[PDB]
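Encoded as structure tokens, the structure appears first; notes follow it.
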Amino acid sequence: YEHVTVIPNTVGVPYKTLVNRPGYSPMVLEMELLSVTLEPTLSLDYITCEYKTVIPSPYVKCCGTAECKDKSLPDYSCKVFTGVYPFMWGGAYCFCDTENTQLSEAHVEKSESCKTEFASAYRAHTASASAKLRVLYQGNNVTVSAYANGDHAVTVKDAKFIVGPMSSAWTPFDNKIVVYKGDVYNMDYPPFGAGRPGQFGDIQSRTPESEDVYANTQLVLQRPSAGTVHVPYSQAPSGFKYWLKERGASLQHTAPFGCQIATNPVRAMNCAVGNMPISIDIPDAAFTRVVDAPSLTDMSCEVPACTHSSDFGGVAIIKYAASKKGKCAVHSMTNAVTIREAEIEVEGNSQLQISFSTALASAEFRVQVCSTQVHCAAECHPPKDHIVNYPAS
Amino acid sequence: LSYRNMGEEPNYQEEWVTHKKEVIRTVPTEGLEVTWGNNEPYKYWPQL
């Protein structure tokens with residue numbers, strides 16, 4: 001009626017499930033999760049871009065005493081250079097002799113590429129589970145994607161799906177992550193506007209489109225240009241340049257758990273940890289009765305080759321004699337060997353040479369031939385290959 | 001080019017490469033994903 005099982009939550013596993021209704025016929029379903037999605041609760045705190053110090057117009061009081069100004073901006077500064085004797089391209093800038101002053105006023109400013117400057121200090125909240133899995137039941141292999149927590153239905157081919165939650169949260173979420181313009185960098189977000197000198201976060205933007213920005217980078221004006229109209233204004237290095245310079249590894253560079261990291265929104269594709277509770281709401285009317293199918297009996301299970309490898313190494317014949325022709329299910333009634341097919345066409349007194357992938361060398365695989373049992377034997381020798389690409393059985 | 005194990009402890013080593021190189025990747029229990037340059041990196045899984 002309802003088949004609740006746990007598939008091994010891994011990318012690309014042929015998750016076989018034998019829905020055998022008692023007094024129905026044998027039913028089998030082969031589903032595989034293509035992608036799981038970890039979607040965290042992003043909560044932006046620091047806005048990260050390089051801070052550009054806007055130096056003002058030169059306050060050359062030529063032949064005149066300097067006056068103070070309280071530049072109450074982010075990093076405003078007024079400095080008095082006594083001895084204002086600047087000369088310019090039209091000549092000497094002061095017609096007065098020696099009593100000129102240089103008021104040097106320098107303020108801070110955000111990045112003019114601040115739209116391109118995407119430093120997102122997403123203080124991460126909880127994670128969301130989304131999953132897309134294909135399913136092959138009723139002779140049909142079709143995909144279904146959903147918010148994979150188990151609080152929203154999937155319904156495909158008359159088959160309900162309660163997918164999710166996962167087992168654990170060891171995922172690519174850190175505590176307060178940083179979107180470094182496409183990158184996931186797990187970082188220590190500083191005091192929001194009260195950041196330390198020169199680190200990643202010198203110009204902290206408490207709003208990503210805000211107007212207040214904490215920038216204490218030591219933008220200090222030196223003594224002025226000696227006879228030249230120049231405001232020497234020494235500031236700290238590019239902390240946004242440094243954190244972009246020291247970008248480090250991304251999520252793909254930092255994949256724990258075999259994790260695959262994606263951005264905007266940060267998606268945890270291939271969170272290879274935990275098993276998936278999948279509940280197929282089987283529509284029971286499609287479940288054909290036990291008298292309905294061909295009556296498979298008098299079978300022999302002969303392992304033609306036993307090669308303990310990742311591939312379907314035990315390819316064994318089942319000389320079976322069905323009651324009538326039809327598509328009878330091949331169910332892995334044993335624990336180890338996965339049947340390469342799912343339901344083979346049994347036409348009559350013939351041999352179905354189906355393959356099973358296992359690892360155990362002395363293999364006795366018990367299989368259900370649509371109602372029947374067969375415990376076949378195989379000496380699974382070690383395969384000659386060393387390293388493969390895929391996963392195995 | 002970086003390498004890292006295919007499980008929880010990745011151990012994601014990485015080296016910028018300049019010359020001809022012979023990388024001796026260790027077959028992990030979860031295998032070894034290596035991205036050498038700009039393609040999707042190969043994931044070694046050792047058959048017994």
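Every number here is computed from the coordinates shown, using simple stated rules; none is lab data. All Cβ positions, even for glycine, are placed from backbone atoms using ideal geometry, and neighbour counts span all protein chains on display.
Just a few scattered comments:
- All of (1) closer than 16 Å to B:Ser2 by Cα; (2) in contact (Cβ under 8 Å) with a residue 24 or more places away in the chain; (3) within 11 Å of another protein chain (Cβ to nearest Cβ) hold for A:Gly258 with one exception: (2).
- For segment A:81-100, the tally of residues that are touching a strand residue (DSSP E or B) at 6+ places or on another chain (Cβ under 7 Å) and touching a residue at least 24 places away in the same chain (Cβ under 8 Å) stands at 5.
- Scanning segment B:1-19 for residues that are more than 7 Å from every other protein chain (Cβ to nearest Cβ), aromatic (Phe, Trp, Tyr) and not in a strand (DSSP E or B) returns a single hit, B:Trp16.
- Of all the numbered requirements in (1) within 30 Å of A:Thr372 (Cβ to Cβ); (2) free of Cβ contacts under 8 Å to residues at least 40 places away in the same chain; (3) of a type outside the set (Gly, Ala, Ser), A:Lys16 misses one, and that requirement is (2).
- So B:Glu30, is it within 7 Å of another protein chain (Cβ to nearest Cβ), under 12 Å from the mean Cα position of the chain (by Cα) and acidic (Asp, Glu): yes
- Failed item in (1) surrounded by 18 or more Cβ atoms within 10 Å (Cβ to Cβ); (2) under 55 Å from the mean Cα position of the chain (by Cα); (3) in a loop (DSSP other than H, G, I, E, B); (4) not basic (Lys, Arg), with A:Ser104 passing the rest: (3)
- Some residue of segment A:112-124 being hydrophobic (A, V, I, L, M, F, W, C), within 35 Å of the chain's Cα centre (by Cα) and not in a loop (DSSP other than H, G, I, E, B): yes
- One residue stands out in segment A:32-86 among those that are in contact with a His (Cβ under 6 Å, 6 or more places away or on another chain) and among the hydrophobic types (A, V, I, L, M, F, W, C): the one that is surrounded by the most Cβ atoms within 10 Å (Cβ to Cβ), namely A:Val54.
- Residue ranges of strands (runs of 3 or more DSSP E) in segment A:1-87 with at least 2 members within 37 Å of the chain's Cα centre (by Cα): A:2-7, A:15-17, A:29-41, A:44-48
- Top-ranked residue in segment A:185-241 [being within 39 Å of the chain's Cα centre (by Cα), polar (S, T, N, Q) and over 17 Å from A:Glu117 (Cα atoms); ranked as surrounded by the fewest Cβ atoms within 10 Å (Cβ to Cβ)]: A:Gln218
Rundown of residues vs (1) touching a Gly at 6+ places or on another chain (Cβ under 7 Å); (2) within 30 Å of A:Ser130 (Cα to Cα); (3) of a type in the set (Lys, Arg), yes/no style:
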residue: A:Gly274; (1), (2), (3): no, yes, no
residue: A:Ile280; (1), (2), (3): no, yes, no
residue: A:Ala286; (1), (2), (3): no, yes, no
residue: A:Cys301; (1), (2), (3): no, no, no
residue: A:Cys306; (1), (2), (3): yes, no, no
residue: A:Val315; (1), (2), (3): no, no, no
residue: A:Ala342; (1), (2), (3): no, yes, no
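- Check on A:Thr98, surrounded by fewer than 14 Cβ atoms within 10 Å (Cβ to Cβ), part of a strand (DSSP E or B) and not hydrophobic (A, V, I, L, M, F, W, C): no
- Single residue of segment A:271-317 satisfying the filter (more than 14 Å from every other protein chain (Cβ to nearest Cβ), outside any loop (DSSP other than H, G, I, E, B) and hydroxyl-bearing (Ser, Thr, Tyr)) that is surrounded by the most Cβ atoms within 10 Å (Cβ to Cβ): A:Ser279
- Unique residue being part of a loop (DSSP other than H, G, I, E, B) and within 18 Å of A:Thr254 (Cα to Cα) when the list is B:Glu40, B:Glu33, B:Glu22: B:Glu40
- A search for C-beta distances below 8 Å between a residue of segment B:37-48 that is more than 9 Å from every other protein chain (Cβ to nearest Cβ) and of a type in the set (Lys, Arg) and any residue that is buried (at least 16 other Cβ atoms within 10 Å of the Cβ) and in a strand (DSSP E or B), counting only pairs 6+ apart in sequence or on different chains, returns nothing.
- For segment A:238-255, filtering for residues that are in contact (Cβ under 8 Å) with a residue 24 or more places away in the chain, part of a loop (DSSP other than H, G, I, E, B) and of a type outside the set (A, V, I, L, M, F, W, C) leaves 6.
- Reported count of residues in segment A:347-393, each being outside any strand (DSSP E or B), polar (S, T, N, Q) and surrounded by 14 or more Cβ atoms within 10 Å (Cβ to Cβ), is 3.
- Taking the criterion of being touching a strand residue (DSSP E or B) at 6+ places or on another chain (Cβ under 7 Å), more than 9 Å from chain B (Cβ to nearest Cβ) and over 26 Å from A:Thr297 (Cα atoms), the residues of segment A:357-393 that qualify are A:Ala361, A:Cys380, A:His381, A:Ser393.
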